[PDB]
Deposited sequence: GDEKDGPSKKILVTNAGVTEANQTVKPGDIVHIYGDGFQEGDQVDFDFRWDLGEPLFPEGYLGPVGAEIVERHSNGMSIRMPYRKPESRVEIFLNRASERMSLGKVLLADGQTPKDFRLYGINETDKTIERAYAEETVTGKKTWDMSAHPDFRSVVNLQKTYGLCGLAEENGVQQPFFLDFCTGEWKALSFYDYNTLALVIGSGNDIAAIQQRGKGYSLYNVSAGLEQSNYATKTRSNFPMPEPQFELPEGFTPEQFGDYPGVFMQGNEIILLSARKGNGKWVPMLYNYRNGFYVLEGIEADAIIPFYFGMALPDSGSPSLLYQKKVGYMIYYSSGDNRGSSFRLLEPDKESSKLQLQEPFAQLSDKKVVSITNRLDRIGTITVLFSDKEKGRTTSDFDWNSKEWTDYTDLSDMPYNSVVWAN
């Protein structure tokens, strides 16, 4: 069983770049034929064992009976790549190429959402950086609740698709969008802070369940498979009376330490906001007594995560436009020294006459948050010194949302 005759790779034994199109030729290709890569690399000098990866499905761009076009992937080191035709069980070697390094930079960079031009813009990167500054966001202009999973070199967020809110990943390497959910279930919110996963609260049926929607990214066949369907084995829960899905998802939810309780905020019809807690075992409940002009959940990562119990302090940024608490207050959500109930603590930071519009975390730091104010200002708060520190390069900032990412 020879799969194809007079076959090969046009670019055989040449050096090719991540993102390039490689061409395969031959007689006898069939509908459903797939293409696999095997990678071999040496990071420094060659030693046994080397670095190995395979089989990794190749993205097929064009397809005919006389050949096919495939795309070379990013995110591998410089590699000897062997290209195989895969017909069900069988594999046949077509040829080899040398693939130039496609590893993504690991330094954290700040990105802003430009709603005027509908673009993601790189707002800050540390010195000796100038790759490519802007990404077109016009395929999903409503991109919302934007967050980063460390090392993915792209952004996760919510956007309208088939009449509901769904999670997408924007890949910085290609500028392409990848759906993260298998089914078309409406998504209340993304949830960050677990440690090394992005979760989402989605409508599994009559009610809402907690899903892992980043598992397709943290996995070696990402290129050909990104949609996940991983709900928790817990019951579904309805929203409390009065509340509707459109009231959620403007800001990411946050896992409390232990990852059992999730902090959300909901926007009421009259423009006021309430804190809302979610327990995947018990459901939704409103944290009573607070109705403010803006509420954003946050967390401080008190140690570096490992890609295990991720240690953190979480809370709500609470903003009032007027009165005795005019401005933005940052208050931790912690259990009472008396007993079980979760109570909002007195503020550890308060900024009168300033409105917080975005919060995000640089994960190569510990115990800090990065905040975007308007009167625009970008500033870090360090938990251990209890002091703010402004970014002096970043006063223009024509953005309502910014996000740290690598």
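K.L.:
Where does the model skip over parts of the deposited sequence?
P.N.:
Coordinates drop out over 1 to 9, 317 to 320, 389 to 392.
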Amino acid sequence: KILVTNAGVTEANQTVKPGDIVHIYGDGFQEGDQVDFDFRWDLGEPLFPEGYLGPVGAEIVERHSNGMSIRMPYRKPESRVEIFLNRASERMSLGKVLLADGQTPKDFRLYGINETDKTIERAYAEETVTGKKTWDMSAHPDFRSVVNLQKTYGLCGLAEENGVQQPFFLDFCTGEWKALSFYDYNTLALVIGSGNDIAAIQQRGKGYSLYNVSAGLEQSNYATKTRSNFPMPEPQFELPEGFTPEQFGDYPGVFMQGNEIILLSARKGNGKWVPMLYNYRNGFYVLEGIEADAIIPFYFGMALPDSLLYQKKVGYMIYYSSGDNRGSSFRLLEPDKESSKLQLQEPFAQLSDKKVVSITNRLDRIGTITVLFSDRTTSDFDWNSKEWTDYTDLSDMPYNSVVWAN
From here on, numbers count along this sequence of modelled residues.
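K.L.:
Per the record, averaged over C-alpha atoms, which has the higher B-factor: 81 to 89 or 292 to 300?
P.N.:
Taking the mean B-factor of the alpha carbons in each, 292 to 300 is higher.
K.L.:
So, looking at the entry's B-factor column for Cα atoms, which has the higher mean, 279 to 287 or 154 to 162?
P.N.:
Looking at the record's C-alpha B-factors, the answer is 279 to 287.
K.L.:
Out of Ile113, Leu239, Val97, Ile192, which residue has the highest Cα temperature factor in the PDB record?
P.N.:
Of the options given, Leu239 has the highest CA B-factor in the PDB entry.
K.L.:
For the CA B factor values reported in this entry, which option in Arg75, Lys225, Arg144, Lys133 has the top one?
P.N.:
In this record, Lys133 carries the highest C-alpha B-factor of the candidates.
K.L.:
Would you mind checking where the Cα B-factor of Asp117 ranks among the modelled residues of its chain, as the lowest, middle or highest third?
P.N.:
Highest third of the chain for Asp117's C-alpha B-factor.
K.L.:
If you rank the chain by CA B-factor, which third does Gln202 end up in: lowest, middle or highest?
P.N.:
Middle third - that is where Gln202 ends up once the chain's C-alpha B-factors are sorted.
K.L.:
Using the temperature factors of the C-alpha atoms in this entry, rank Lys312 within its chain: lowest, middle or highest third.
P.N.:
For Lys312, whose C-alpha B-factor we compare with every modelled residue in the chain, the answer is the middle third.
K.L.:
For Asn186, does the deposited CA B-factor place it in the lowest, middle or highest third of the chain?
P.N.:
Ranked within chain, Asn186 CA B lands in the middle tercile.
K.L.:
Ranking the modelled residues of this chain by C-alpha B-factor as given in the entry, is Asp36 in the lowest, middle or highest third?
P.N.:
Lowest third.
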